[PDB]
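Here is the structure we will look at.
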Amino acid sequence: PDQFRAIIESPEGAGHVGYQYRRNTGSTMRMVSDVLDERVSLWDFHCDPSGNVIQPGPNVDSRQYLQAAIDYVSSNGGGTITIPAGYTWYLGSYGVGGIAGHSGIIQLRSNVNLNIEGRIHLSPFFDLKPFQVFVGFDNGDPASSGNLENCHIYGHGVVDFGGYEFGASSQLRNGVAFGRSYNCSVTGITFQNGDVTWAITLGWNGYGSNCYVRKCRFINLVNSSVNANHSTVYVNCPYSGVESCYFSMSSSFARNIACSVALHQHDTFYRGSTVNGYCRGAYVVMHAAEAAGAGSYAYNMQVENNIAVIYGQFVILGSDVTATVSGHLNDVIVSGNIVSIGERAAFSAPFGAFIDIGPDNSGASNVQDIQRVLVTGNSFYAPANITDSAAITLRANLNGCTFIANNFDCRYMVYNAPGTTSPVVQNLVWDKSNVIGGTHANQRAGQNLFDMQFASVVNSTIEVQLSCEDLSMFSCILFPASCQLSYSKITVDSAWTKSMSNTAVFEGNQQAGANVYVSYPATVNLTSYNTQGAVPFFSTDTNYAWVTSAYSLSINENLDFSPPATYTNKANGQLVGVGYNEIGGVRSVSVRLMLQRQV
Amino acid sequence: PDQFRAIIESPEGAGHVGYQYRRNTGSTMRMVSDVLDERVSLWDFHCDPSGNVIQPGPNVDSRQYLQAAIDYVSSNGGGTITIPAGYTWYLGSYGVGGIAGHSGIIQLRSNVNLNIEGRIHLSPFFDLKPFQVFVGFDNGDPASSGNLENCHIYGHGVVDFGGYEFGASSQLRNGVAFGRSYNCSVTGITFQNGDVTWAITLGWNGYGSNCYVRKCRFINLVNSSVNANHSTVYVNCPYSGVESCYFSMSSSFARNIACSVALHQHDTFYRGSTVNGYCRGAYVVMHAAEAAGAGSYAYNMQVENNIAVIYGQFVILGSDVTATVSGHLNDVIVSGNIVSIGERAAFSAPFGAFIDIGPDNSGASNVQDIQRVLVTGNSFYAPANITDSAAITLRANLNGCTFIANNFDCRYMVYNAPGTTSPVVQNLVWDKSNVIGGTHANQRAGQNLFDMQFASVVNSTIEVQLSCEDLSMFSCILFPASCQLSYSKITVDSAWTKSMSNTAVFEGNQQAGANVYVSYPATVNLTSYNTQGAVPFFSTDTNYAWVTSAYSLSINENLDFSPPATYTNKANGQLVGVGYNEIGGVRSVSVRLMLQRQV
Amino acid sequence: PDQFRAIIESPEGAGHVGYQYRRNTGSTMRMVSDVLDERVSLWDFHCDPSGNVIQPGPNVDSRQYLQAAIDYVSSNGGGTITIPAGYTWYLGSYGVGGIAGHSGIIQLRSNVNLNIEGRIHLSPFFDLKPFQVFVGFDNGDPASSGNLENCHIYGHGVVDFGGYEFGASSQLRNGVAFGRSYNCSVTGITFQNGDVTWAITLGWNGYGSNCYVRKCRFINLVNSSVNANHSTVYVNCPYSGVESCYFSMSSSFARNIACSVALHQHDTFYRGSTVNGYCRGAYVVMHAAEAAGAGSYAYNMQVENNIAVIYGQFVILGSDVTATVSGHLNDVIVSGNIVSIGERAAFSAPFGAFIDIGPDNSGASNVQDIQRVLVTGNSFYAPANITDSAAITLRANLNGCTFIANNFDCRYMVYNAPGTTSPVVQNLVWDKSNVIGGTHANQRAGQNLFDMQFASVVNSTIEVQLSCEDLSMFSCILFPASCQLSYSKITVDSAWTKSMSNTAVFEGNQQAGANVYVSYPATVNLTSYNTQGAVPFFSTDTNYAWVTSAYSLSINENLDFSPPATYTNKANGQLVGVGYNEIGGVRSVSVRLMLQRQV
Ligand SMILES: CC(=O)N[C@@H]1[C@@H](O[C@H]2O[C@H](CO)[C@H](O[C@H]3O[C@H](CO[C@@H]4O[C@@H](C)[C@H](O)[C@@H](O)[C@H]4O)[C@@H](O)[C@H](O)[C@H]3O)[C@H](O[C@@H]3O[C@H](CO)[C@@H](O)[C@H](O)[C@H]3NC(C)=O)[C@H]2O)[C@H](O)[C@@H](CO)O[C@@H]1O
Ligand SMILES: CC(=O)N[C@@H]1[C@@H](O[C@H]2O[C@H](CO)[C@H](O[C@H]3O[C@H](CO[C@@H]4O[C@@H](C)[C@H](O)[C@@H](O)[C@H]4O)[C@@H](O)[C@H](O)[C@H]3O)[C@H](O[C@@H]3O[C@H](CO)[C@@H](O)[C@H](O)[C@H]3NC(C)=O)[C@H]2O)[C@H](O)[C@@H](CO)O[C@@H]1O
Ligand SMILES: CC(=O)N[C@@H]1[C@@H](O[C@H]2O[C@H](CO)[C@H](O[C@H]3O[C@H](CO[C@@H]4O[C@@H](C)[C@H](O)[C@@H](O)[C@H]4O)[C@@H](O)[C@H](O)[C@H]3O)[C@H](O[C@@H]3O[C@H](CO)[C@@H](O)[C@H](O)[C@H]3NC(C)=O)[C@H]2O)[C@H](O)[C@@H](CO)O[C@@H]1O
Ligand code: NA
Ligand code: NA
Ligand code: NA
Ligand code: NA
Ligand code: NA
Ligand code: NA
Ligand code: NA
Ligand code: NA
Ligand code: NA
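Residue numbers (the numbering used here), protein chains in the order written: chain R, 1 to 599; chain F, 600 to 1198; chain A, 1199 to 1797.
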């Protein structure tokens, strides 16, 4: 009797109230508390020392309560803790132990999922300070850290970084660091209102597997001139990636420092996402410094079906070395992306590009080992005023990259700044199916469409096809004398080129090379002998010693004679062909020819 | 004592039964009611005025109860209401207030999600009437409406529209109208058994952001001749889209009126979906009338990796104007789609096409501003009998569209009906890597494969490559005299063309234009002079004044002489070349030549 | 009083404790048990005959309890049963009734979902025995089976097959067989640690619709030499597919027997997945034996945007016949995939290929009807030592396949073993935009890059373009005399071919065919007449009767004369052209020419 009322009102009371599911006589005879025990929320730990629930709010630090919840569920082999809807849960202090070395707030634990339906907000304790909100490392030294496995963060909720600026450029800030992370994911969450280094990082220097970010939103996560660098997701473990996410920034500083994604280990991907307001789209890089967990090669790298408005470069490739490890990047695919450089002044942000072959972080351009890249079926656009826009900026050594069936509408097709680096280039393949747009027609005074500012080019193919005129350009393709060129194929289709003074330019006469295969239009003056009948025409200039055949691209306005349709050369570098004089006389004509060498 | 039993049996009783999670002494001391209060379902509001639960069913109108649930959860800052499995919840009356102007049933509210696990069915009250089942507007005038934010509808449940036909063509019917919608989504739901205008609409005239439809099914949603028009999803806000959905119709009327998706604002996408039984795949359109919320430009438009069997056109492009706004469409990508026209009689449904450049809703063809479109890596097929099948129907002004590396197997490649509209065409690029299939070989009597029925063509490229013979076709490409052609490149590869009478046809001799670059095969009769030795051959006809070079595509069956391998022209329009007479005599030959102009 | 305490402690007690949601006076007056009844878990059925809960574990067989749960929820129109986190639930006996014919453990039922958050593990009762863990058939004969509808398995949980090997090769093992399955799915689950035939199968011989596998992981599911054959997912119903899954194997035996996916009915897809350690990627096949439910045609088949490291073939196409049904495969797309053959010895696994046109299961190569396939925008790589690597192994009759804008870097481009099958080939299209990599340069002694070991080839296109030299290869393309060739286009671009002895080889002189269109480089010796002036040069050999024109690909080192730029032929099979002797004399030269026929 008295026993009973007291029991019922006690914390043990629910364990004395019987329950059987749907009154089914074959079901377990349970107590109410057993069924309530099948789920868990923050409210089950958000209490004072006497067990009284505490309401969250700006003046309550929820950190210790959420940790206690995580720790406890961990102790039972895992489960999912709900962070309730209709409330904002503030975090107001650093965590302790292994995550202190990472400016950690909350420590994640294996098999313990968080279903965030409400909002998590940082309190002003964190203003001008570093922080990493959720950390999966269990040791201040990641090398001595245990793993995080089977940890999923998901829901319709929000992580809000409080708007606080960085205090010093050297500080780091993160949303979720999974650590040495295996089968972990973030799904559905909005990260917003911050000045951070990363929102999410996956893995640690190759350690980890099967980590993903899906259907998340990242909004306004750079806000200050102090922020040194930002990559919204960093993928540092294999068999991991980003899909169907939304990234947006409005800060000016984001246009110069912020990237959406870094893919830094093999078998990783970035797909189906939309980006606006960022400097960069994705890094695809093998850092030798990060090669411990999964080898020294980044391969099976996929960037596909994204939409981007960026201010700098869409995809940036790299590889580098340490004293004892060499990083390699190969087997990459970039496909189906629709990208534009946003409205901006020329040179007002980092040099606009669809692909950038960038130097290492110390600026070295002679360490890279990048090859077997396929860039196909993408579109790129930059507004006509943006002088600093290229399909590819090729600024460090390149061991191969293949372009097929893209549509590039920008200032340059291939570019590298003269004076600067002199890359060694092998296996650069630009197929004829790359369509060159006309937005920048008439803007190219002084400029070469393909500006080949390299140390050397080998085993390469550039097949130039225009789709409209641009008589402002100096040349379609130019090689400076300092660039060696061998075992290559270089062609300029004649369409829309009849009025161009220069089409292809070889400043060191490199097209004469034994295994250079070239064709391009040129104007040539010829003079014939006076013989009636079949009669030779010869070029007045003697700079065609390399030419294997030429043919006419001009009509013949004459009745009494015709120049040759086709020409060979002579040892003195003249062209020669056999035309026809109906009546005799020395002829003199100026004709547009297709010059060919070994093609 | 008496107090206590009564309390326990009262509605407050659960608030007197103590609970502490898993008997953990560090957990909150709560009451059973607190834990039950962490979730909510329709059953918590589906009661009579005395609080007694009401069972749902065909004779119960669940609308007021579901609204009360929504309203209440809204009052606490949101949450997710479950619509329970194992029941069908019928709706049987219109809602009241702001949604009445939209024939609204239920009003959605911000942060209030619906987890539909059971079924929602419309009662016959709605037969022959308009309706919009869930509405996110809060005002009858959308312009005066507040926003809907953070509203997600998801689950394994079903919205069933009762099979009822439309009462009048002018009526509108919708499943979910999110309104001025920000971070809202539908995931997992089946919409079925109706005659509706749309299943889901996202945004309002550019207002909204981050709205998505994912893994939903839309089955049999047009059923009558009354239905004026149908678009299963309409995307009217930016940074939004449709992915991994399934659309199917079985009605004949669907084959003539129904589209799966309309993408009508920037940064929107349609991906990874399967469509069957529809007239159309997707509209990609900027209506000037819809430009208020997000500007007058639709850009970053993506249709990718879909599978479709349709009866009309797969992708339809458009832009139009109002008295004060002009709509523009640019930066579109259409890629990876596999599409076919379903089995049907020729002309039995709207003209079959992979891409359609359509006029505005009033039929105007001189208002459009469509450019920077990339169509790449798609397949298209129509059965051999379907005369009305084209890769592109180009029926209104076009400012650019690029085709690369597609496989088109239908009746026409480029088409527009003669007599009808006369589009102004710029920057139409058909790369040589488009593979033209052979299904319609032998069906093309009287027909031009590329039928260029335009006012004019400029800055365009058509590179024709056959992969099999079709000697039934009148020509590979024809330009009527009314079509101007300038600054263009038009080529017909010779393969499978040796027996064609006409390859390329320029009915106004437009290929003579100063900046027209063309090549195609032709048969030419020549006659030589009688001279032994090097000897000229000249064409008998004088219609080659435009030709810059030609070369032989025929073997020489003669021993005693050979015609020229290559030819130029003469001012009188003859071709001329130098052959060789081993023995003298006037020769007369008929030879297949590749005619070239400026290429 | 005494009544009351006893009631409260009874299993009916929760039904006597009142509850009203959030104390809202407008909410339903319910009892605690009603709210608890909104959810259900295994714990509600995992009890002994007296209703006492039983803890799971290795010595407890949970099968009967889970079945009872399923059966009961089925009886109420469905719902979702949770399999709780933090526990491993072992299965230790076969089920009974309709699923016994399928070695069934658990029987799935319509509208009854499983949310697996914990782990399901097979007990050693199943060692060396067949089993199918979840079965949706309700009859031992699938033909007499009812349907399974609206059944979803999802969660962060795990199905673990216990590591047990197969007992005999003839046994079958499966994870989830949905049966005649309509709107069923598996999402999020890890399947691991087994030796099984399939992890998941969808549909039955065409019966079923809208079945999907998404975000699942399949890890180490083949482990023994006994395992006859493995396909991780088998898709045997239309409008179904696999997306965003992860497949990995470590067994040697997997490298020879295991495929990730079989797509075997129309409108099916495989996308966005990562594969490692498998022999094969996907089968795309129409078995006549499986044509009952959805017709005899597999069409709208999509393999897109996958990443794979395999040891055999990536995509395998097929179709076959029975006494009364003929299977057809058409309208396929393979796009955006990045694939490599993993490190292995030559010939150590089945012949490496990106695409394989395979014979039927009995080895027949003359039954297939495969056409309208598009292979575009993929990358493929095999290490240089793997002799048995091809872009396409074409081993059975082919009615069409189109390749555009791929990047293939392996030993062969087109291959079939000589001696073996002699396929009939139609409509094989290899566009010039396929980039041929250089990894295998110098490895090709004795080998033809395109080895055309067929009965016949018709309506085909091979446009060979090299991007680097490989002087080790015997030829770029070879046709044996036994292969007929007609109505085809075969071209070898000259770049990187100047030093090749053979470019294209027609061992039966098939290039002479009336409708064969060919061009390739050759070296030709010529001798002139002694005449000063315009002078003929003629070839010394007489094997050019088929040549329509040739032109020089060599420079002219002479001052006193030049050979012809262009050549025709003569009836005796000599080439002839008109050059120029500045001074007279018989000349003799050896020149590299582009030989052309009808192009
Ligand atoms: C913002 C960004 O990612 N930018 C990349 C650039 O990345 C390099 O520079 C960034 C600058 O923020 C990182 O370097 C900073 O952080 C590392 C790591 O922090 C330490 O280790 C982590 C595990 C721990 O939690 C922290 O408390 C720190 O102790 C510092 O070592 C370094 O001094 C500092 O400048 C980035 O480092 C990588 O970060 C990822 C994600 O957290 C880790 O998984 C890696 O271990 C770590 N790498 C290294 C080498 O330490 C630098 O790699 C790229 O180099 C460039 C090419 O893609 O693109 C962007 O600019
Ligand atoms: C079915 C379809 O979408 N077809 C498109 C076509 O769309 C135009 O025609 C359809 C015909 O159904 C729509 O026009 C009808 O509906 C509008 C909107 O209804 C009113 O406003 C909404 C907000 C409110 O809830 C309703 O109660 C109404 O008050 C009517 O104004 C119009 O008279 C009527 O014919 C479609 O209108 C658009 O609908 C979307 C989705 O609901 C709204 O977000 C837009 O505001 C509204 N646009 C306009 C201009 O009002 C018409 O745009 C396309 O034009 C064509 C090209 O893609 O393809 C299909 O045929
Ligand atoms: C592993 C794999 O799928 N390999 C494919 C290959 O498939 C053929 O061979 C496999 C070998 O395992 C299957 O054949 C075996 O299984 C069938 C089906 O089992 C019976 O029916 C099912 C419904 C029931 O549950 C079981 O108890 C059995 O009664 C046996 O009939 C056959 O004797 C046995 O060798 C595969 O059969 C298909 O399996 C799918 C998935 O379960 C079913 O939906 C189909 O009905 C069944 N097909 C047939 C014809 O019975 C065989 O098709 C492919 O042929 C090949 C080309 O893609 O690739 C792989 O090698
Ligand atoms: Na640190
Ligand atoms: Na490549
Ligand atoms: Na140099
Ligand atoms: Na209205
Ligand atoms: Na374009
Ligand atoms: Na005109
Ligand atoms: Na069986
Ligand atoms: Na094809
Ligand atoms: Na033969």
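The beta carbon of each residue, even a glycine, is placed where N, CA and C say it ideally should be.
One residue list follows from the rule of a beta carbon closer than 6 Å to any heavy atom of ligand 10, given in chain order as A:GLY1299 and A:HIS1300. A distance criterion of 8 Å places the beta-carbon of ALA1653 of chain A in contact range of ligand 12, judged by its closest non-hydrogen atom.
Look at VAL972 of chain F: its beta carbon is less than 8 Å from one of the heavy atoms in ligand 8.
Secondary structure at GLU1488 of chain A: helix, using DSSP grouped into helix, strand and coil.
Note on geometry: alpha-carbon atoms of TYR278 of chain R and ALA382 of chain R lie some 15 Å from one another. Only residues of its own chain outside the window of five on either side were considered, and among them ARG63, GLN67, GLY104, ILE105, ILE106, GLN107 and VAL135 have a CB closer than 8 Å to the CB of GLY95 of chain R, listed in chain order.
In the structure shown, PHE733 of chain F adopts extended strand secondary structure according to DSSP, grouped into three states. Secondary structure of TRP803 of chain F (DSSP, three-state): strand. In the DSSP secondary-structure assignment, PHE403 of chain R is bridged to R:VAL375 and R:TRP430.
Distances from the CB of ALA1426 of chain A to the heavy atoms of ligand 3 include at least one below 8 Å. A residue is called buried once 16 or more other Cβ atoms fall within 10 Å of its Cβ, and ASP1092 of chain F is buried on that count. When CB distances to chain R are screened at a threshold of 9 Å, the residues of the segment 1604-1623 of chain A falling below it are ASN1604, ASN1605 and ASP1607, in chain order. In this structure the segment 295-313 of chain R touches the segment 256-270 of chain R; the number of beta carbon pairs closer than 8 Å is three or more. Here the segment 1469-1485 of chain A makes contact with the segment 1493-1500 of chain A; the two share three or more CB pairs at distances below 8 Å. Using a cutoff of 8 Å, the CB of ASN1403 of chain A counts as near ligand 3, since one of the ligand's heavy atoms is closer than that. Of all residues in the segment 1219-1245 of chain A, the ones placed with a Cβ closer than 9 Å to any Cβ belonging to chain R are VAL1230, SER1231, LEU1234, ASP1235, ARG1237, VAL1238, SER1239, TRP1241, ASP1242, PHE1243, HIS1244 and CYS1245, in chain order.
As computed with DSSP, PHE868 of chain F is found in a beta bridge with F:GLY840 and F:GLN901. Distances from the CA of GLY926 of chain F to each of F:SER1087, F:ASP647, F:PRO949 and F:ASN804 were compared; the closest alpha carbon is that of F:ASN804. Contact between the segment 1517-1536 of chain A and the segment 1567-1580 of chain A is present, with at least three C-beta pairs closer than 8 Å.
Interface criterion not met: the Cβ of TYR278 of chain R is under 9 Å from no Cβ in chain F. Only buried fits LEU862 of chain F, as 16 or more other CB atoms lie within 10 angstroms of its CB. Between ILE1602 of chain A and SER939 of chain F, the CB-CB gap reaches or exceeds 9 Å. At a cut-off of 8 Å, the beta-carbon of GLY778 of chain F does not count as near ligand 7: no heavy atom of the ligand is closer than that.
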